[PDB]
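Below you will find one chain, with nothing else, as structure tokens; this is the form deposited in one PDB entry, and questions on how it binds or moves follow later.
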């Protein structure tokens, strides 16, 4: 009993597209224009961010084709840097990052779904929390039932969000083709090079939030059909399409709303729909919520698989990484992920942990690519069907180092708090993983708990 290989190229493309296209494209442009000033500067920032993301996606595609095992961005560190850094990353990932991200996406979905009912007065939180919890529970139940259903849902919602973006593109083209625009040929008016790079890089930073999630396919490798060919092809198909769609969407946004209207807006898509439709203007927010819905699925699935891998190496209790003999799904991992995600509904400052951990992704990516180069240097005997030309990873590493330096520059105090939280993961490693000769009264308790969970869920250990 193992996890069947039932993810095709189309499913991988859908996963990447649905993960990347979330809610960033509907909110971030306000911040990008605020930190850039001129529309042309914003457009060039978005193009540069797209190129940077394409470079990183190619690097990760080659790396994941070299090491074909699930739990990516964590298995690479486990193989290269050893066990302790891998556990240090995994503890933070399962403790703060994943549940907070999933809950934030669920809250965005809940708030944008209910927006037409309360167009001006804010949506009550006591209902948004319930809607988010219902979404999380329904998606985790769907994932627990079967794997094919999750892929079908992801495909449908990726198609839905692509259709919404296409609708925005057509609306922008209709607006621009009917006559005067006066917002595109004077594009460098108010070209703010404020503090020169001292602000320009910050603009780039904002764009990066819209280009996040291209590495979530590596989480679900060794579950694809012929990964050696499909893994790079999916990324190659996905990334340029996303970049082009983002650029066209920004152009359509600029063809309708003035600069002062944009900087005074909290949701550019809502204003665009209000202007261009008037009646049936609720279409634009609803789709946005639907988009977030898909994102939640695209998270939970991957998250579960990560924890699955986390239990195969002994870094997590053995109850995880156990498969239902009939459904062939990791029920305990999904249940644990859902419980951890729902546990964050009591946090009234959920929008701060993201600020606490903003350098953690770039550091992990840089470490993974450094391990890529070191593994290429020391072990020139592995199979590499794809081999990116050198001097590309070193430039990406330099960019990641500059990015983490910028992240420290922006907000140092909670970056230090994040360092402390990360360092807090050593005692748990030394107690659970390092300490083998445990007292006899603890092994029996753990065994009884695992047996009870097995009997409740009807899950068997993985056999190869």
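Residue numbers count along the first chain shown, from 1. Heads up, when I say rigid core I mean the largest set of C-alphas that superpose within 1.5 Å between the two forms.
A second form of this protein, the form deposited in another entry, is not displayed here; the remarks below concern that form.
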task = Overlay on the rigid core first, then point out the one of 369, 131, 202, 165 whose CA is displaced 2 Å or more between the shown form and the other one.
result = 202
query = Core-aligned, is the CA shift for residue 338 between the shown form and the other one 2 angstroms or more?
reply = no
query = residue 316: with the rigid core matched between the shown form and the other one, does its Cα shift 2 Å or more?
reply = no
task = Using a rigid core alignment, state whether the CA of residue 190 is displaced by 2 Å or more between the shown form and the other one.
result = yes
request  = Using the form shown as baseline, tell whether residue 422 and residue 201 are closer or farther in Cα-Cα distance in that other deposited form, where the change reaches 3 Å or more.
outcome  = closer
